[PDB]
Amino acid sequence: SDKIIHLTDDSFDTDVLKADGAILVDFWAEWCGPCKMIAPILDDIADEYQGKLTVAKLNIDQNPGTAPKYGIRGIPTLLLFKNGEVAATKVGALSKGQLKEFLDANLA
């Protein structure tokens, strides 16, 4: 919570679907080891990608509604949205190097 949008099921439309640009949503849970591995990396990305995209996190236990809409099974799942439409999907943990390459390739 500096640049990261802490999303809810009620805030999801406004925060993600109505945003004039790119949003990287992280579907995640507290018990999930790989999710917690990538949190510090998302902190990094949010800073590094100022003005290019916003990072948003949706905890799928506290907010149960949203994930079934996007077919999410494995977590973490990262969905790159561009103006409310999903452009790119990444399932499971990955490094900062790997995530940057994912974003750079798909933001274009």
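From 1 onward, residues are counted along the sequence shown.
Enquirer: Against its chain's modelled residues, does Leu58's Cα B factor rank lowest, middle or highest third?
Expert: Lowest third of the chain for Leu58's C-alpha B-factor.
Enquirer: In terms of the chain's CA B-factor thirds, is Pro34 lowest, middle or highest?
Expert: Tercile = lowest for this residue's CA B-factor.
Enquirer: Based on the entry's values, in what third of the chain does the Cα temperature factor of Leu17 lie: lowest, middle or highest?
Expert: As the PDB entry reports it, the C-alpha B-factor of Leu17 lands in the lowest third of its chain.
Enquirer: Within this chain, which third does the Cα B-factor at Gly71 fall in: lowest, middle or highest?
Expert: Ranked within chain, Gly71 CA B lands in the middle tercile.
Enquirer: Sorting the chain's modelled residues by C-alpha B-factor, tell me whether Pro40 ends up in the lowest, middle or highest third.
Expert: Middle third - that is where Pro40 ends up once the chain's C-alpha B-factors are sorted.
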